[PDB]
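Student: Sharing a structure with you now.
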Amino acid sequence: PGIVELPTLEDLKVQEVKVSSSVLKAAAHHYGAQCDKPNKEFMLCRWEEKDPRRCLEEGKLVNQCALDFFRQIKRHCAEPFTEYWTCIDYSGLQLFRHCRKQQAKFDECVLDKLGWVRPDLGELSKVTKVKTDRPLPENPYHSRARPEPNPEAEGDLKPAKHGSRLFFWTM
Amino acid sequence: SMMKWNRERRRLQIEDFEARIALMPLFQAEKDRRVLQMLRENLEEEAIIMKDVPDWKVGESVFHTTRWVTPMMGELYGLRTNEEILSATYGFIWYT
Amino acid sequence: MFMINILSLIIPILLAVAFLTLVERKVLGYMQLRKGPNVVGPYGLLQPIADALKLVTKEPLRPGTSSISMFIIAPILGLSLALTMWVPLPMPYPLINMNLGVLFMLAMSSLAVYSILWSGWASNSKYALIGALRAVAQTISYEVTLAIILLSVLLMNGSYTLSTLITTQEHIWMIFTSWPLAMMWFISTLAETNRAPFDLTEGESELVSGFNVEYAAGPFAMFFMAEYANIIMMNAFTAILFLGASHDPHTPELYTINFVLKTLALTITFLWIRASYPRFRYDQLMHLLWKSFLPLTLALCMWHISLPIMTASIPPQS
Amino acid sequence: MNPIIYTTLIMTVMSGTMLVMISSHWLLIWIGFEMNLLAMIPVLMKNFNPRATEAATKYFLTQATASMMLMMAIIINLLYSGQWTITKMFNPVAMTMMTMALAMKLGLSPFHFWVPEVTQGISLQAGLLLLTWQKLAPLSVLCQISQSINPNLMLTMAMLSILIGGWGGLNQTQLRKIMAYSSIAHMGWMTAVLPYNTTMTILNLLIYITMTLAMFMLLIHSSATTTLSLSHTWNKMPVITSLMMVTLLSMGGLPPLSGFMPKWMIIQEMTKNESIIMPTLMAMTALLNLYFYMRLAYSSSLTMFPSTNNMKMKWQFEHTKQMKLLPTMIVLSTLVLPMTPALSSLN
Amino acid sequence: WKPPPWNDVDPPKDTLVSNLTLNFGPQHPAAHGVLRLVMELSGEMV
Amino acid sequence: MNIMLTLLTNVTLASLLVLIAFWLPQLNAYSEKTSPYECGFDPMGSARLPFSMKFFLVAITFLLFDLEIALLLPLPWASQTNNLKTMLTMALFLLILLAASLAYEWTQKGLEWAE
Amino acid sequence: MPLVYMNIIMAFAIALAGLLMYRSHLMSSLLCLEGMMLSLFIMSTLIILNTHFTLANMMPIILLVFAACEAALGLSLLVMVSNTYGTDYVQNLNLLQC
Amino acid sequence: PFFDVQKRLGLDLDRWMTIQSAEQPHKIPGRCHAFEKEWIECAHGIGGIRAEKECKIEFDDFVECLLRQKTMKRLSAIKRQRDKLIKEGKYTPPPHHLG
Amino acid sequence: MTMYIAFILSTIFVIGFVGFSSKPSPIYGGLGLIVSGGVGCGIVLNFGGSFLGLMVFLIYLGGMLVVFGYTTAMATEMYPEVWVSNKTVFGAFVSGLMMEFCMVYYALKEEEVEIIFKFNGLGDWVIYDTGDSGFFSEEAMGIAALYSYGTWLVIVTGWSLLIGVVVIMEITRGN
Amino acid sequence: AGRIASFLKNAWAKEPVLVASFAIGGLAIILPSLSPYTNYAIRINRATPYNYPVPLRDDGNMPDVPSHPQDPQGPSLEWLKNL
Ligand SMILES: COC1=C(OC)C(=O)C(C/C=C(\C)CC/C=C(\C)CC/C=C(/C)CC/C=C(/C)CC/C=C(\C)CC/C=C(\C)CC/C=C(\C)CC/C=C(\C)CC/C=C(\C)CCC=C(C)C)=C(C)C1=O
């Protein structure tokens, strides 16, 4: 009952960021604060449009901004970061609780070499606002025309004509 | 002692979850590309696999709606390898 | 590298029960001023092997009134259930990291009683049916307290995952916060495994048999090795749940050494009480649980639902 | 059974039925049936006679099977619709499974060989509670789902009930047995009009409730269970059996007694739906119901029967029990025809 | 087909108590070794 | 995979031990070695006739009580809610009726074992 | 509607058939009664898990709560019929034929 | 409901589980949340008689999403035709669907 | 071979279902139910229902234990029946095995079965859905909401079970 | 007092378990309302971010909603650190 407009494979050929889960888990808080703007815009497109096929470009901006975050970390604090994510990776559950000392090296490194401050607790969980210039999708669900309401019940009530009108019951 | 330690664990879990929220945009961003890539690969192969059929117009949306329906996992990995199927459907359940 | 792991569990387990029978008599004897086996090998270090080898070479025989099929499968049920139950135990890192490990052990441990009466019913003996009917209501009534005690303690866990007990009692032993529940937990473990304040399942004084009524060399060995394995675990489960230990993520050997020591100490206590108390009569052991354990069981449950809320100490779900 | 437990046991039955008539979720409706069954089985075997045990037993297997089939038919409806609300069933197999699932609770078609002897074995008190209260819940479900009902199946359910109920009653002496078949006869009458106008079966339910109530607590006062035992009541209580005539005539639908109001009003509604052959049929086969009513009427006080000399001191003593609404129930069960248009209150 | 009972109670059927009976020896270790102790029990109460 | 391999290995290990149990020790048996054991003297004929025990009432309440523990099992994940007041009231409510059922079962003979 | 749905639906049919063919045992009859409960519980679990009807995951639990409740009722009824009539074959309770 | 006490008494007893798009715990949406959301918003107050004829495609999309009856049928035809074509030897799967 | 254990597990579920539905001796019926019950727990586990799978495992095992605990109590036959024993149970048994084995043959050889409903054989792995679950299992949070979203269900279930203990004593008391 | 004290002492002698269980059962209900940390337990559970804090479109006139996670405006849970 129609077609499916799958995007061009070329559109799905953006740079694919390559870091292991522990590397991302180590960056976490610092990544969230210094890369929120493209992140929030992309997901707002995801929630509003409800269609990734309409939000690839916003996904691309996330990858580019993710690269710049990781490009800066190698240029300045490659060693302490390499020490940190290795310490996270050893744990089977990847807990920050066991690598406080390596974290202490990492955050002070980016603080005095890249001007980054670790967000406080719950700060990364706040609800943010963005100024995306795309229009709000009028019909995100592509809803069909809503049915017309049934004839409204109104008018005044008067005594039933000739009573019950059932057999020999005059009234 | 249990009261204090449990509160500390709650604070740790908040930090754990906040860490998770940070990288959700990337995982969502990449996964949609992978899903669209998998569907696109399926569509091209479906066109090649059926060209002499009576009428199998490529990629007809069964649902009447024009909005995107979250795809079946079957239609994603359907023609892929056997190992891909098992690691996808019974991957998390079987990982003990 | 998984078959090696499994066979690195099955062989040590069967060898643990193997020499538990030696540390039984050699402990039982010393507590009754005897000396225990010290003839077969030095200090009796070869007696169970002599016992085991005999119990796989002396004539086995199915009873003339037996039910062959159910008679044979019951030892299969007992042994496989005992071995499969050690699987999610979180010795540093558990062999199988079940998300609901606690519920798993409850379910299968509730299954290890189908062996005892399938053996009893198929044996077609008057002492067999008596012992079978004694045991079933014994275990299930003791199972109601088993389920609630586990739940009340695990309310501070936040989940049923066995690995999280390591994290939960990281600074403080769990028994210091749930010692009233610890006492009934130990008693129930004494009751599910049928040790001897409530060994009425065997009932040797009044029922001569009942663990293994006409069961012979092979099947008797199973029904023994299937309950002595439960002895070691039900104290390993008690050790992991109540008496935690320090676990360095880099050197798990320290935790395994500590974990083994707690199981060894607990197992000795199982042997220790076994030779210090008389036998509970059937109505008494049922009265003790339905009329004294359960009222305290529910009351301490309600305490442990409310306790995290009043103290704002709800544990993390993850 | 201690009095306090009996009350709470009854309240659970009324709550179970009430849960059925107020819930909008299919699981809760099933729960209301389950609570109704659970609280009723002890009520049947209140006196612990040998008969009551299997009487209560035959209740249990029949209704548990009905409850399980009802649960299954709910599940398929969820599978094909994803809905729990009581609106309609979107799988024809799901509906065609519930009709019998509810029928055995009602006891209409050959899913009825439980009704006679379950009434027989149990006491007269629970017999009244069985044949009147236990039918509001299954009928309430049918009224709500009345839209998506296969008319061919539902009509055949009722037609079979009228025929068997009338035919079976002709060969019964135990008063409880004749009441069960008579109740089965009224089962078809209420359910026949179900697809067309749900207001009508509510009216027939209300009239049938008064008929069965007034008839039963007259039997309680007479303290009789067989036709012969009832016969002697003319010697002791003449007014009770004389009143029993009018209720028996009303129960047979002989107008202008109130029992005609369902049979009359129902026939008018279905002829509006071009159903003519079938309405003529139950008009015909309601007569066999009338037969064993008149035979009961003949045997009670229309012809005074041989008495027993042990009745002298029986006349010396009056009933201490205090049936209430019995003077009221007879009035609604006999003369409400002039107030027939009141069915619109239900509508 | 016989008439139903007048009090709606049938006469009690044949007695169905078997009262399992065993010999508690002489092999039994706690039966002093020489007792052929036979007991009648009401199922479990002797 | 991992769970079923462990389940398989246990039953093969148990079954192999049975196989060497009934085959390695050879048999010299007769009809008197297969006779049921009754502490010596001949059995009177039993072990399958109705052996009516007394704890049937409390045996079946265990089934009822085992359903209570099923209902209150999800408590560890129930505490992770935003409306603990309702959760606490309902959680104690199930415990109260569980206690109430036991108490009423207690008072009317109940746990007492029939003679 | 894959084949697992066929297996448990066809299973429930044999539970229905098994119940409706009482041969010689009330206890075996009650077995088929609780048998029905498996397929209903299992099918219900498959439905609300496949559809991610998370709030409806309680429905299989509430089925089980009212499941054993009937099971207790059946055996309790089976207690007296076997107690006062000796056995549990469903043929000796025909005194209510008249 | 036969006697709608929930509407009159103004409280909720089971109007929280009867549909898949209600307030699920922690806002966990169901599979066919959007499909049923359109269907309910389609036929709201229109009556069952009008709903079964007007809001028909919305129900069909929703019922299909529930079971994937046609979509799985489409996949079944793809695999069967691919199987015979591969078995005969006309064409072989491309290297992306091998590893 | 590990293609999809759903059918294999459900098949043993049916064969075990066939068993006790053929009316064996009640004790052997418990075994026939238990294998179906155990493998049924396996089916739900494979579908993601980890808690519910072990849930039916624990409750039923206790449920059926008191079932055949009762059969040997007062429902035992002085000469118990078996899977072979009487030709009726033999006939009822073998009928079930040949029946189910016919449907699966009818199932796996065209994949377009149309008995009652529609049943097409394509693999139960297909109906699975792509998507994460965050840091919580969906099933566990669903049954956890019983104390927050299902306060009405708790009341009716709790009251019914409390009444369940009242009826059980009242029925079994007698005299 | 005399009636109650005699009853409690007598029950404390014959059935220590029941009077015990009724105690903790009694306390398990009435303190949770009295204790002031119950609101903290609600706040801790509410503050836990299982789902994403989905951004809301900024059309202006939303002073309280922050534009960056490090912004001062918004729900701050420094009390958890102190607690
Ligand atoms: C009342 O109270 C009572 C008690 O208490 C409450 C009691 O206690 C007791 C008990 C009484 C006493 C303690 C008194 C004294 C009595 C005794 C000590 C009795 C002693 C009894 C024994 C049984 C002796 C136990 C001693 C020993 C030493 C046991 C030693 C064990 C062994 C020899 C075996 C160990 C295990 C082995 C070798 C396993 C080997 C496994 C393998 C090689 C691998 C197997 C698996 C595979 C290959 C997997 C791969 C295969 C595949 C996949 C096959 C696939 C096939 C296909 C077809 C597909 C009583 C009576 C009692 O009245």
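The way I read the labels, and the way they are meant: chains A, B, ... in the order of the structure tokens, residue 1 as the first residue of every chain, and ligand 1 as the first ligand shown, with later ones counted on from there.
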Any idea what's packed within 6 Å of residue 101 of chain C, counting only C-alpha atoms, ignoring anything in its chain fewer than 5 positions away? Could you give it as a PyMOL selection string?

Tutor: chain C and resi 88+161-162

Student: Return as JSON, numbers by chain every polymer residue, whether protein, DNA or RNA, with at least one atom no more than 8 Å from an atom of ligand 1; count only C-alpha atoms and all ligand atoms.

Tutor: {"C": [3, 7, 10, 11, 14, 15, 17, 18, 19, 21, 22, 24, 25, 46, 47, 48, 49, 50, 51, 52, 53, 55, 193, 194, 195, 196, 199, 200, 201, 202, 203, 204, 205, 208, 209, 211, 217, 220, 221, 222, 224, 225, 227, 228, 274], "F": [5, 8, 9, 10, 12, 13, 16]}

Student: Give me, as a list in words, the residues of chain J touching chain H, with the criterion being at most 10 Å (counting only C-alpha atoms).

Tutor: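 The selection requested is residues 49, 50 and 51 of chain J.
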
Student: Give me, as CSV, each residue of chain I that comes within 12 Å of chain E, together with its shortest interatomic pair and the distance in Å at one decimal, counting only C-alpha atoms, with rows ordered by chain and rising residue number.

Tutor:
residue,atom,partner,partner_atom,distance
I:73,CA,E:43,CA,10.3
I:74,CA,E:16,CA,10.7
I:78,CA,E:18,CA,11.6

Student: Would you mind exporting the chosen residues as a short mmCIF file (atom, residue, chain, number, x, y, z; two decimals), in the first residue's frame, restricted to N, CA and C atoms?

Tutor:
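See result23.cif below for the written result:
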data_model
loop_
_atom_site.label_atom_id
_atom_site.label_comp_id
_atom_site.auth_asym_id
_atom_site.auth_seq_id
_atom_site.Cartn_x
_atom_site.Cartn_y
_atom_site.Cartn_z
N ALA I 73 -1.92 -40.07 49.19
CA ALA I 73 -2.51 -39.97 50.51
C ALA I 73 -3.84 -40.72 50.58
N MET I 74 -4.79 -40.36 49.71
CA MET I 74 -6.10 -41.00 49.72
C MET I 74 -6.66 -41.30 48.34
N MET I 78 -4.73 -49.51 44.72
CA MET I 78 -4.02 -50.62 45.33
C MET I 78 -3.11 -51.31 44.31
#

Student: My list of candidates is B:2, B:72, B:14, B:20. Which is closest to chain G when distances are computed with only C-alpha atoms?

Tutor: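 The shortest atom-to-atom distance to chain G comes from B:72.
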
Student: With 10 Å as the cut-off and only C-alpha atoms counted, what is the closest atom pair between each nearby residue of chain C and chain I? Distances in Å to one decimal, ordered by chain and number, as JSON lines.

Tutor:
{"residue": "C:67", "atom": "CA", "partner": "I:82", "partner_atom": "CA", "distance": 9.5}
{"residue": "C:70", "atom": "CA", "partner": "I:28", "partner_atom": "CA", "distance": 9.3}
{"residue": "C:98", "atom": "CA", "partner": "I:50", "partner_atom": "CA", "distance": 9.6}
{"residue": "C:99", "atom": "CA", "partner": "I:50", "partner_atom": "CA", "distance": 8.2}
{"residue": "C:100", "atom": "CA", "partner": "I:51", "partner_atom": "CA", "distance": 7.2}
{"residue": "C:103", "atom": "CA", "partner": "I:54", "partner_atom": "CA", "distance": 6.9}
{"residue": "C:104", "atom": "CA", "partner": "I:54", "partner_atom": "CA", "distance": 6.7}
{"residue": "C:105", "atom": "CA", "partner": "I:58", "partner_atom": "CA", "distance": 9.9}
{"residue": "C:106", "atom": "CA", "partner": "I:58", "partner_atom": "CA", "distance": 7.3}
{"residue": "C:107", "atom": "CA", "partner": "I:58", "partner_atom": "CA", "distance": 4.8}
{"residue": "C:108", "atom": "CA", "partner": "I:58", "partner_atom": "CA", "distance": 8.0}
{"residue": "C:109", "atom": "CA", "partner": "I:58", "partner_atom": "CA", "distance": 9.5}
{"residue": "C:110", "atom": "CA", "partner": "I:58", "partner_atom": "CA", "distance": 7.2}
{"residue": "C:111", "atom": "CA", "partner": "I:61", "partner_atom": "CA", "distance": 7.0}
{"residue": "C:113", "atom": "CA", "partner": "I:65", "partner_atom": "CA", "distance": 9.0}
{"residue": "C:114", "atom": "CA", "partner": "I:65", "partner_atom": "CA", "distance": 7.8}
{"residue": "C:117", "atom": "CA", "partner": "I:69", "partner_atom": "CA", "distance": 9.0}
{"residue": "C:118", "atom": "CA", "partner": "I:27", "partner_atom": "CA", "distance": 8.9}
{"residue": "C:121", "atom": "CA", "partner": "I:72", "partner_atom": "CA", "distance": 8.2}
{"residue": "C:129", "atom": "CA", "partner": "I:72", "partner_atom": "CA", "distance": 8.5}
{"residue": "C:132", "atom": "CA", "partner": "I:69", "partner_atom": "CA", "distance": 9.2}
{"residue": "C:133", "atom": "CA", "partner": "I:69", "partner_atom": "CA", "distance": 7.3}
{"residue": "C:136", "atom": "CA", "partner": "I:69", "partner_atom": "CA", "distance": 7.5}
{"residue": "C:137", "atom": "CA", "partner": "I:66", "partner_atom": "CA", "distance": 8.4}
{"residue": "C:140", "atom": "CA", "partner": "I:62", "partner_atom": "CA", "distance": 7.3}
{"residue": "C:143", "atom": "CA", "partner": "I:62", "partner_atom": "CA", "distance": 9.3}
{"residue": "C:317", "atom": "CA", "partner": "I:136", "partner_atom": "CA", "distance": 8.3}
{"residue": "C:318", "atom": "CA", "partner": "I:135", "partner_atom": "CA", "distance": 7.0}

Student: For the residues in the current selection, export C-alpha atoms as a PDB file, in the first residue's frame.

Tutor:
ATOM      1  CA  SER C  67       8.791 -49.382  39.356  1.00  0.00           C
ATOM      2  CA  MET C  70      10.943 -44.121  38.625  1.00  0.00           C
ATOM      3  CA  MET C  98      22.139 -15.333  36.201  1.00  0.00           C
ATOM      4  CA  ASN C  99      20.128 -12.155  36.626  1.00  0.00           C
ATOM      5  CA  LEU C 100      17.760 -13.997  38.993  1.00  0.00           C
ATOM      6  CA  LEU C 103      15.082 -17.401  42.415  1.00  0.00           C
ATOM      7  CA  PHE C 104      16.889 -20.091  40.428  1.00  0.00           C
ATOM      8  CA  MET C 105      18.330 -21.791  43.507  1.00  0.00           C
ATOM      9  CA  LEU C 106      14.949 -21.604  45.246  1.00  0.00           C
ATOM     10  CA  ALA C 107      13.222 -23.298  42.312  1.00  0.00           C
ATOM     11  CA  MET C 108      15.645 -26.186  41.847  1.00  0.00           C
ATOM     12  CA  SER C 109      16.074 -26.730  45.596  1.00  0.00           C
ATOM     13  CA  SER C 110      12.310 -27.097  45.728  1.00  0.00           C
ATOM     14  CA  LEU C 111      12.795 -29.768  43.035  1.00  0.00           C
ATOM     15  CA  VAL C 113      12.408 -33.283  46.953  1.00  0.00           C
ATOM     16  CA  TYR C 114      10.805 -34.955  43.935  1.00  0.00           C
ATOM     17  CA  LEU C 117       9.427 -39.565  47.237  1.00  0.00           C
ATOM     18  CA  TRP C 118       9.694 -40.774  43.650  1.00  0.00           C
ATOM     19  CA  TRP C 121       6.798 -44.293  46.022  1.00  0.00           C
ATOM     20  CA  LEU C 129       5.933 -44.498  51.659  1.00  0.00           C
ATOM     21  CA  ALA C 132       8.367 -40.177  51.514  1.00  0.00           C
ATOM     22  CA  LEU C 133       5.231 -38.660  53.034  1.00  0.00           C
ATOM     23  CA  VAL C 136       7.396 -33.802  51.460  1.00  0.00           C
ATOM     24  CA  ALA C 137       5.335 -31.892  54.009  1.00  0.00           C
ATOM     25  CA  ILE C 140       7.416 -27.494  51.764  1.00  0.00           C
ATOM     26  CA  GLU C 143      10.006 -23.851  52.254  1.00  0.00           C
ATOM     27  CA  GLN C 317      18.121  -1.657  41.478  1.00  0.00           C
ATOM     28  CA  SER C 318      21.042  -2.066  39.064  1.00  0.00           C
TER      29      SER C 318
END

Student: May I have a table of the residues of chain E lying at most 12 Å from chain G, giving each one's closest pair of atoms and their distance in Å to one decimal, counting only C-alpha atoms, ordered by chain and ascending residue number, as a Markdown table?

Tutor:
| residue | atom | partner | partner_atom | distance |
| --- | --- | --- | --- | --- |
| E:1 | CA | G:98 | CA | 7.1 |
| E:2 | CA | G:98 | CA | 7.5 |
| E:3 | CA | G:98 | CA | 6.8 |
| E:4 | CA | G:98 | CA | 5.9 |
| E:5 | CA | G:98 | CA | 9.5 |
| E:8 | CA | G:96 | CA | 10.2 |
| E:9 | CA | G:95 | CA | 10.3 |
| E:10 | CA | G:95 | CA | 8.4 |
| E:11 | CA | G:95 | CA | 11.2 |
| E:12 | CA | G:84 | CA | 8.1 |
| E:13 | CA | G:85 | CA | 7.0 |
| E:14 | CA | G:85 | CA | 8.2 |
| E:15 | CA | G:84 | CA | 8.4 |
| E:16 | CA | G:86 | CA | 5.6 |
| E:17 | CA | G:86 | CA | 8.4 |
| E:18 | CA | G:86 | CA | 10.1 |

Student: Write out as a list in words which residues come within 12 Å of residue 74 of chain H when counting only C-alpha atoms, dropping same-chain ones fewer than 2 positions away.

Tutor: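 Counting only C-alpha atoms, the residues come to residues 46, 56, 57, 58, 59, 60, 61, 62, 72, 74, 75 and 78 of chain B; 68, 69, 70, 71, 72, 76, 77, 78, 79, 80 and 81 of chain H; 120 and 122 of chain I.
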
Student: Counting only C-alpha atoms, which residue out of F:11, F:42, F:20, F:77 sits closest to chain E?

Tutor: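 Among the listed residues, F:42 lies closest to chain E.
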
Student: From a backbone DSSP assignment, name each residue in segment 2-96 of chain B labelled helix (DSSP H, G or I), as a ChimeraX atom specification.

Tutor: /B:2-49,73-77,82-88

Student: As a list in words, please: every residue in chain E that DSSP puts in strand (DSSP E or B).

Tutor: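 Assigned to strand (DSSP E or B), within chain E: residues 22, 23, 38, 39, 42 and 45 of chain E.
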
Student: Residues of the last selection are to be written out with C-alpha atoms, as a PDB file, in the first residue's frame.

Tutor:
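Below is the file that was written, out-v1.pdb:
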ATOM      1  CA  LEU E  22       3.248 -53.210  60.123  1.00  0.00           C
ATOM      2  CA  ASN E  23       5.738 -55.028  62.331  1.00  0.00           C
ATOM      3  CA  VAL E  38       2.918 -54.929  65.740  1.00  0.00           C
ATOM      4  CA  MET E  39       0.659 -51.909  66.193  1.00  0.00           C
ATOM      5  CA  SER E  42      -5.405 -44.568  63.060  1.00  0.00           C
ATOM      6  CA  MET E  45      -1.788 -42.225  65.805  1.00  0.00           C
TER       7      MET E  45
END

Student: Residues of chain B within 8 Å of chain C, using only C-alpha atoms, as a PDB file with N, CA, C and O atoms, in the first residue's frame?

Tutor:
ATOM      1  N   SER B   1      25.085   1.282  59.346  1.00  0.00           N
ATOM      2  CA  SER B   1      26.104   0.995  58.344  1.00  0.00           C
ATOM      3  C   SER B   1      25.471   0.647  57.006  1.00  0.00           C
ATOM      4  O   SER B   1      25.935   1.099  55.953  1.00  0.00           O
ATOM      5  N   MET B   2      24.409  -0.158  57.028  1.00  0.00           N
ATOM      6  CA  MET B   2      23.685  -0.467  55.801  1.00  0.00           C
ATOM      7  C   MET B   2      23.020   0.779  55.234  1.00  0.00           C
ATOM      8  O   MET B   2      22.942   0.951  54.014  1.00  0.00           O
ATOM      9  N   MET B   3      22.525   1.654  56.111  1.00  0.00           N
ATOM     10  CA  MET B   3      21.864   2.874  55.662  1.00  0.00           C
ATOM     11  C   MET B   3      22.829   3.781  54.912  1.00  0.00           C
ATOM     12  O   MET B   3      22.524   4.255  53.813  1.00  0.00           O
ATOM     13  N   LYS B   4      24.008   4.025  55.484  1.00  0.00           N
ATOM     14  CA  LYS B   4      24.974   4.901  54.830  1.00  0.00           C
ATOM     15  C   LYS B   4      25.471   4.305  53.522  1.00  0.00           C
ATOM     16  O   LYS B   4      25.551   5.001  52.504  1.00  0.00           O
ATOM     17  N   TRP B   5      25.813   3.015  53.527  1.00  0.00           N
ATOM     18  CA  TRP B   5      26.374   2.396  52.333  1.00  0.00           C
ATOM     19  C   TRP B   5      25.362   2.365  51.197  1.00  0.00           C
ATOM     20  O   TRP B   5      25.721   2.589  50.036  1.00  0.00           O
ATOM     21  N   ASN B   6      24.094   2.091  51.509  1.00  0.00           N
ATOM     22  CA  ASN B   6      23.069   2.079  50.472  1.00  0.00           C
ATOM     23  C   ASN B   6      22.904   3.456  49.845  1.00  0.00           C
ATOM     24  O   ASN B   6      22.730   3.571  48.627  1.00  0.00           O
ATOM     25  N   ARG B   7      22.950   4.512  50.660  1.00  0.00           N
ATOM     26  CA  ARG B   7      22.871   5.863  50.118  1.00  0.00           C
ATOM     27  C   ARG B   7      24.034   6.144  49.178  1.00  0.00           C
ATOM     28  O   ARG B   7      23.854   6.766  48.126  1.00  0.00           O
ATOM     29  N   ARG B   9      25.637   3.903  47.428  1.00  0.00           N
ATOM     30  CA  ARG B   9      25.370   3.145  46.211  1.00  0.00           C
ATOM     31  C   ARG B   9      24.357   3.862  45.329  1.00  0.00           C
ATOM     32  O   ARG B   9      24.467   3.835  44.098  1.00  0.00           O
ATOM     33  N   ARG B  10      23.358   4.503  45.939  1.00  0.00           N
ATOM     34  CA  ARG B  10      22.406   5.288  45.162  1.00  0.00           C
ATOM     35  C   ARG B  10      23.104   6.430  44.440  1.00  0.00           C
ATOM     36  O   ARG B  10      22.819   6.698  43.269  1.00  0.00           O
ATOM     37  N   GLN B  13      24.950   4.957  41.522  1.00  0.00           N
ATOM     38  CA  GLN B  13      24.056   4.613  40.421  1.00  0.00           C
ATOM     39  C   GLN B  13      23.637   5.853  39.644  1.00  0.00           C
ATOM     40  O   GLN B  13      23.504   5.806  38.415  1.00  0.00           O
ATOM     41  N   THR B  96      24.959 -15.537  29.505  1.00  0.00           N
ATOM     42  CA  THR B  96      24.942 -15.749  30.943  1.00  0.00           C
ATOM     43  C   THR B  96      26.354 -15.914  31.492  1.00  0.00           C
ATOM     44  O   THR B  96      27.247 -16.401  30.800  1.00  0.00           O
TER      45      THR B  96
END
